[PDB]
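A.B. asks:
There are 2 protein chains.
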Amino acid sequence: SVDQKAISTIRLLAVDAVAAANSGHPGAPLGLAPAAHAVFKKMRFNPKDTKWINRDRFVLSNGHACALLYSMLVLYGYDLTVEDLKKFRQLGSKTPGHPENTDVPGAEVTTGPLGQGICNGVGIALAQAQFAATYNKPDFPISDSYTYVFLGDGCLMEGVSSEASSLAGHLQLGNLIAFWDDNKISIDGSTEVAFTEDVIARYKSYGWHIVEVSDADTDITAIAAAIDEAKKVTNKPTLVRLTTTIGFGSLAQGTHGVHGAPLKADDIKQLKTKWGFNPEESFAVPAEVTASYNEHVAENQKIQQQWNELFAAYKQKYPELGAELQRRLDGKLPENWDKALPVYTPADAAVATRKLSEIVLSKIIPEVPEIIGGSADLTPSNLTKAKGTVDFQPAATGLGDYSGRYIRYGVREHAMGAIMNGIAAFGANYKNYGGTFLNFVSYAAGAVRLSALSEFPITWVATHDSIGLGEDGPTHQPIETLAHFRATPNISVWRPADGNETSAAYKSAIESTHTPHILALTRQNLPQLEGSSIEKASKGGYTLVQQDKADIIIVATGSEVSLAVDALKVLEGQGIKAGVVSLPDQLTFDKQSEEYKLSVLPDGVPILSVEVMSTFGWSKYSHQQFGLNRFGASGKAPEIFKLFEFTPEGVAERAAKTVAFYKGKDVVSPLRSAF
Amino acid sequence: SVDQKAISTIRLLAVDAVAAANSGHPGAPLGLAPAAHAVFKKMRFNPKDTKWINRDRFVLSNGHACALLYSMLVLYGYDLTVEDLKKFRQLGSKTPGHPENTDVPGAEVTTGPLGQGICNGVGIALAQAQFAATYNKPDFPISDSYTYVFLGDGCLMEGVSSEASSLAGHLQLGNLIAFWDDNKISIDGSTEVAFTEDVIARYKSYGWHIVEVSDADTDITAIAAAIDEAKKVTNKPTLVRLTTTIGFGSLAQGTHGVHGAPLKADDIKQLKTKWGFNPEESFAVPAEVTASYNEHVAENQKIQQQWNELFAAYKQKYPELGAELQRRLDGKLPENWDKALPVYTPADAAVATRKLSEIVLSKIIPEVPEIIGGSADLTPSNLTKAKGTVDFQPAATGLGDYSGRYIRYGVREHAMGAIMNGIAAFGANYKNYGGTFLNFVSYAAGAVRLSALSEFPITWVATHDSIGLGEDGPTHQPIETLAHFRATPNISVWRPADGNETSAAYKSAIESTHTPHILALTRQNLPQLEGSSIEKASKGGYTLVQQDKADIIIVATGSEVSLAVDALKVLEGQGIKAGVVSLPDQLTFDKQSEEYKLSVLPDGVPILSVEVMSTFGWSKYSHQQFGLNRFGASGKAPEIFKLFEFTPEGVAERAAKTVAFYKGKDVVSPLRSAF
Ligand SMILES: CC1=[N+](Cc2cnc(C)nc2N)CS[C@H]1CCOP(=O)(O)OP(=O)(O)O
Ligand SMILES: CC1=[N+](Cc2cnc(C)nc2N)CS[C@H]1CCOP(=O)(O)OP(=O)(O)O
Ligand SMILES: [Ca+2]
Ligand SMILES: [Ca+2]
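So, in structure tokens, the structure goes:
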């Protein structure tokens, strides 16, 4: 049949792509081609408009199987061709070895690191539910799309998927339909060696619906029926168990050897002949398959055409909501939204930056409907919920509504991070955030790195940033954390010192379209600084205290800026004139012009950095570094600062030693380099 | 009764400790005191010998509840007193706000970061099973101890605990007995807001046995009976559901407010009077409670006395095994074990450092019985299994035996990391390792940081270290990873360049007693270097190519050392004389004498670092840094190196620019500093 021919085409495109690269993963593509065919036939999408907001989304969580995804995209006429498939895994191609949303049309997210994609799918589905609850009206199903996820045994072993699956079940996300490639093979061989749990029983325990397809190597009727069944269960996410043979059709089917290396040439020949293809030909695309797939595309395009008319009618019937929706689909924030950002003066009281963050959120959430967010069981500590908002929960629970704006993630940092990526991936200008203690952002490193690689504007509200948290002690006190994330490409790591800097950090985080943000915020109160403003802090680094005859400049962040200002006064009594630079975000600063940066960190003066955590990275901006390169301590925070000499006198002593060390030396800016 | 009085004593010590600190967590201690009393009465331990190898182990995974643990340790006469309890959460005390194994006698592991302790318990139990299988003989139950773990809702939400619980069920770890504090309250309030899964059904799906105790606020008979029942189920770990009231007895019992802040003074008064204590007194220890607990200690000490005689008889009956066991309990490796380390010459073939690692393991595993390890589903990629070894599996599976030495962790990096910590915590000189790709060590950051804080000699075999892995692309290629771990205190991060350096890295990792190791290893082949040796590489950094008239020194690691040597030849043709330093471990290097370090990185010569990942940290050792501060690419590895100019010519160009940049300048070693 044409469907059988399409499945064979998919299988053979994937195998031929792996063969041409002499690299990659043929096994799962062979096993999942029937399911991919069936799912894409049920999906609504436009290959010519990858951003249609009511499209169904597909996520390949087992991203190593991407030759399958690329084959589907090529067959459906996305902006990806057979010539691109021939360049699978080749430098610069549109067909990288794992899918990247920035590079691959039709890749919703970046997968490959196992477990992430299913969590991203949870976030896409969460966003769709929130979006539909916000905009849909009687006779106006603006949003009614599904989220389809393929995942394998490896994703099911990764703890992040357990976190997200528990939460998705709790949230009753009935438009999420996941498909488990139950092939009983991973890299180390049979799943009997390490993965003998009853997966189905576990998913039932989370509140998921289950459909089992016992012969998913051939039974596309049953796969389609499983989708239909899943769509009837509106209050549970569904897991479809696809019992498949890894590498189906290969001489090596059902073995670990077919997972992750190219097939032998003779194996490819026998695949082709038993499926009616020419064993001498590669990258064959039968025109009847193209015709069948084109029919589905044309039908989907007529569905989108009708959706566009529905949207036009919605704008007439609901003028305010329609204009809001249009603005969001255009990627634009509300005009002058930033006038809601709080502004402070040096006469205002000291405030912890976690509390300043609460105040910002309280002002901007009512002004910017596309902001949603939550916390990983730290709501009253991170201060992430605006008073008067309702939680995102299924209304059946009585605990919230899908129109709610605040997500109770539970103690699930890693899944929170990957769910945030999925919310961003949904689109519609969502600007979403997640709170935890800074030290436990590290639990989510796998997802955070993907936020950076995927260019998603997510925000971590990362409170209790240092030894300033005090008594909880060294298991809770960051040392390495900012260095880790600052060393990751494309992460803005804001460590605001005061009220104006906290508003600048949020302005950056909410305006972002391609860069994730981490906001490192204090437990403890900090003074409002003389010289701070949103305008200056928006440059990422700025001169707080200018001293034209400086003997030294002290560059600091966060809680240490006020310390530097106090040290400047001690130094004056020692006959040393200091300037102060505040560096609330190194990435934003780095992006400023060379001339601006040199105005902040000039030649001809020693520069000392002060920040109560690792000194890594700081030599970009300073000649000498005063940091904390050992673990912390359990005690009252002021006593810990005293112990480690992060006091005005301790900073002054090191500043004086720095001045002494450079006597008789020629000093150029740390910004200079040889290449 | 005296048991009731003991439970009240525990509760009130914990509340009084929190009160004195005006900080900490009274709720879970109040709820878990009956269970703690019951469990410690069943446990075999010696407060005067915390390292008795056949002790039962206790782990408080909900580490915020540590006022409970400290109260137990004080009451049982560990080296912790009421005076220490009065200093709970105070700087420098033996009672920090979360338990630290380095600081607290009777704390087996460092907990506080949720989810870790239960995984550590899995590792303690895994080690006990392996140890017993190795040493026990008929009439000689050298090892027969249990592992008791307390955990709460937060631990059950963290994905790492799902990973470890799936694996523990698979491994049939019948001497593991965990207790869930089922109190339905977390920081964000009721668990109904985020955690509605059927936990018991999930644990059954993993193959655990379940016992439910419906009134764990009072029913110590049922808690004791649950332990007895668990001990009869020898082929499943057991989860005991303790249905408790958080803060039991407090006016605020059953509320989130009792989780994490001191009780009100009037609340403490009413607690004391209803339990028969003096509301005017704090830190009361009734002598009858001390007497009862002392009776149990005395019985346990007689059990250990008899174990010592059993061990003496074992040494006579099994002379070889007895001497091996004695050596391990003394903390000593086999005499001259390191003579098994492979040694290479520059005439030997190029080899990937992952393969060199395989060869090391193949030589040392037969020589050092306390080495065990595994991989997170990457055995044929990391090359972590020695041929001829058997896997650690329950014999009932037919897939291995508990005497086996190789662990199939599955796709569970985070749990692998925390399980490794538990294996180390067991003691008996275990030197254990875990393989994954370097980029996915990041999934386990929560546990890795705890390896460092806990001072455990665990080893990550972290292969595929860079863009040198090629086609899998940027989702797999480390950039920030070494900077992250090097910025963490107390992590040795070895990046060996060749065969001799790989042997030095293992010598360090296996000899370690207090420092975790990460071995960053290549996919791709590297040449054997002229000038390398185990002796020199053991210094962490060394002069590979000495040039007395150097215009520049190039410092490099791993795959970039050979690149630097090739660049030296290009530079010679440009009239520039270079030296080369290899820096296989920055931590080990840092620990050398100042004079040694200056002999490697002298004054008076520009120093350029070369390493194909983040430049963070490198200014400790260099004036200029050539690194990779952007994400990678999917293609053949040599083409990626060419793209980023990590070629002999690209390094030479930057070296020449470095020489030019320092013309006319006075250059001092990067090792110099102002303070
Ligand atoms: C272990 C593995 N990798 C390394 C890998 C490890 N850890 C993380 C976080 N991401 C990864 N990418 C890549 S791939 C995988 C086997 C998957 O086994 P799985 O059953 O899902 O795939 P398959 O056999 O094809 O049915
Ligand atoms: C969310 C929380 N903390 C921050 C916290 C967050 N993430 C990680 C990895 N470790 C932590 N330490 C500390 S504590 C916890 C509530 C526990 O809730 P749980 O039900 O286990 O404790 P309890 O209410 O006392 O019954
Ligand atoms: Ca599989
Ligand atoms: Ca709880």
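Line by line, the protein sequences are chains A and A'. A prime marks a further copy of an entry chain.
Note that the first sequence covers residues 3 to 677 in the deposited numbering.
Note that the second sequence covers residues 3 to 677 in the deposited numbering.
Ideal placement from N, C-alpha and C gives every residue a C-beta, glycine not left out.
1. When you compare the CB of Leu385(A) with every CB in chain A', is at least one pair closer than 9 Å?
2. Any heavy atom of ligand 2 closer than 8 Å to the CB of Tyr208(A')?
3. Within 9 Å of any Cβ in chain A', is that where the Cβ of residue 2(A) sits?
4. Please check the pair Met418(A') and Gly436(A'), which I expect to be a contact at CB under 8 Å, by giving their CB distance rounded to whole angstroms.
5. Return the CA-CA distance between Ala254(A') and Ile189(A'), expressed in angstroms with no decimal places.
6. For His100(A), which residues in the same chain have their Cβ closer than 7 Å to its Cβ, ignoring the five residues on either side in sequence?
7. Closest Cβ-Cβ distance between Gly375(A) and chain A': below 9 Å?
8. Would you call the CB atoms of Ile460(A) and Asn423(A) closer than 9 Å?
9. Between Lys541(A) and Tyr598(A), how many whole angstroms is the CB-CB distance? I'm expecting something under 8 Å.
10. Is any heavy atom of ligand 4 found at a distance shorter than 8 Å from the C-beta of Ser163(A')?
11. Between the Cα of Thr515(A) and the Cα atoms of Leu169(A), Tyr295(A), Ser561(A) and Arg330(A), which residue gives the shortest distance?
12. Which of the three DSSP states is assigned to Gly375(A') in this structure?
13. For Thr490(A') and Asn280(A'), I'd like the C-alpha separation in whole angstroms.
14. Between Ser534(A) and ligand 3, is there a pair consisting of the residue's CB and a ligand heavy atom that are separated by less than 8 Å?
15. Using a Cβ-Cβ cut-off of less than 9 Å, give me the residues of the segment 560-594 of chain A' that come near chain A, in sequence order.
16. Please name the residue, chosen from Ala131(A), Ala23(A) and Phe90(A), that lies closest to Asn56(A) on a Cα-to-Cα basis.
17. Would you say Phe487(A') lies against chain A (beta-carbon separation less than 9 Å)?
18. Whose Cβ in chain A lies nearer than 7 Å to the Cβ of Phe633(A')?
19. Less than 7 Å between C-beta atoms, sequence neighbours within five positions excluded: which residues of the same chain meet that for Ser95(A')?
20. My output table needs one value for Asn434(A'): the three-state DSSP class, helix, strand or coil.
21. List, in order along the chain, the chain A residues whose C-beta lies closer than 9 Å to that of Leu380(A')?
22. Can you check the segment 479-526 of chain A' for any beta strand (DSSP E) of at least 3 residues that lies completely inside it and give the ranges in chain order?
23. Can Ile270(A) and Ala232(A) be called in contact, C-beta distance under 9 Å?
24. For the alpha helix (DSSP H) containing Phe142(A), name the first residue and the last one.
25. Among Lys44(A), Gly637(A) and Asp568(A), which one has its Cα closest to the Cα of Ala227(A)?
26. Assign residue 2(A') to one of three DSSP states: helix, strand, or coil.
27. What residue from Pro321(A), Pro288(A), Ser494(A) and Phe152(A) has the CA that sits closest to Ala40(A)'s CA?
28. For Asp200(A), which three-state DSSP category applies?
29. Can you find the residues in the same chain that come closer than 6 Å, C-beta to C-beta, to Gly634(A'), ignoring five residues on each side of it along the sequence?
30. Any chance you could list the beta strand (DSSP E) runs of at least 3 consecutive residues sitting entirely within the segment 576-634 of chain A', in chain order?
31. Alpha helix (DSSP H) containing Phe42(A): first to last residue?
32. Would you check if the distance between the CB atom of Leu385(A') and the CB atom of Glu415(A') is smaller than 9 Å?
33. Between which two residues does the alpha helix (DSSP H) containing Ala22(A) stretch?
34. Would you mind telling me which residues of chain A' sit closer than 8 Å to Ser168(A), beta carbon to beta carbon, in chain order?
35. Just confirm the distance between the C-beta atoms of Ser505(A') and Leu343(A'), as a whole number of angstroms; I'd bet it's less than 8 Å.
36. Based on DSSP bridge pairs, tell me the residues matched to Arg243(A').
C.D. replies: The short version:
1. It does not; no Cβ of chain A' falls within 9 Å.
2. Relative to the non-hydrogen atoms of ligand 2, the Cβ of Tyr208(A') never comes closer than 8 Å to any of them.
3. The structure shown has nothing for residue 2(A), since chain A only spans 3 to 677.
4. Right, the Cβ-Cβ distance comes to about 5 Å (below 8 Å), so this counts as a contact.
5. One C-alpha to the other measures close to 14 Å.
6. If we look at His100(A) and ignore the five residues flanking it on each side, its Cβ neighbours are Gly65, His66, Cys68, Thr113 and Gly114.
7. Taking Cβ atoms only, chain A' never reaches closer than 9 Å to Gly375(A), which makes this a no.
8. Taking C-beta atoms as the reference points, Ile460(A) and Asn423(A) count as a pair closer than 9 Å.
9. Under the criterion of beta carbons closer than 8 Å, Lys541(A) and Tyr598(A) qualify as touching, at roughly 7 Å.
10. Checking the 8 Å criterion, the Cβ of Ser163(A') is out of range of every heavy atom belonging to ligand 4.
11. Among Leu169(A), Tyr295(A), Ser561(A) and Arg330(A), the Cα nearest to that of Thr515(A) is on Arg330(A).
12. Here DSSP, grouped into helix, strand and coil, assigns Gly375(A') to strand.
13. C-alpha separation (whole angstroms): 47 Å.
14. Remark: the shortest separation between the CB of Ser534(A) and any heavy atom of ligand 3 does not fall under 8 Å.
15. Residues of the segment 560-594 of chain A' with a Cβ closer than 9 Å to any Cβ of chain A: none.
16. It is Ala131(A) whose Cα lies nearest to the Cα of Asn56(A).
17. Look at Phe487(A'): its C-beta is under 9 Å from a C-beta on chain A.
18. Per Cβ cutoff of 7 Å: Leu455 and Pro491.
19. Setting aside the 5 residues that flank it on each side, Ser95(A') is surrounded in the same chain by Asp86 and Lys89, each with a C-beta closer than 7 Å to its C-beta; the list follows chain order.
20. Three-state DSSP puts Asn434(A') in a strand.
21. Per Cβ cutoff of 9 Å: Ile189 and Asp190.
22. Taking only runs of at least 3 residues, the beta strand (DSSP E) segments lying wholly in the segment 479-526 of chain A' are 494-496 and 519-522.
23. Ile270(A) is not a Cβ neighbour of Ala232(A), given a cutoff of 9 Å.
24. Boundaries cannot be given for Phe142(A), as no alpha helix (DSSP H) includes it and DSSP labels it neither H nor E.
25. Nearest option by C-alpha distance: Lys44(A).
26. Past the edges of chain A', shown from 3 to 677, lies residue 2(A'), and the structure says nothing about it.
27. When C-alpha distances from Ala40(A) are compared across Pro321(A), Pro288(A), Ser494(A) and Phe152(A), the shortest belongs to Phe152(A).
28. Coil at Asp200(A), not helix or strand.
29. Excluding positions up to five away in sequence, the list reads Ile469, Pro476 and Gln479.
30. DSSP runs (the beta strand (DSSP E)) wholly in the segment 576-634 of chain A': 580-584, 609-612 and 626-628.
31. Its alpha helix (DSSP H) spans residues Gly29 to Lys44.
32. A distance of 9 Å or more separates the beta carbons of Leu385(A') and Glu415(A').
33. Segment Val4 to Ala23, the alpha helix (DSSP H) holding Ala22(A).
34. Result: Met159, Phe197 and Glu199.
35. Between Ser505(A') and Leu343(A'), the beta carbon gap of about 4 Å places them in contact (Cβ cut-off 8 Å).
36. Note: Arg243(A') sits in a beta bridge opposite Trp182(A') and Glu214(A').
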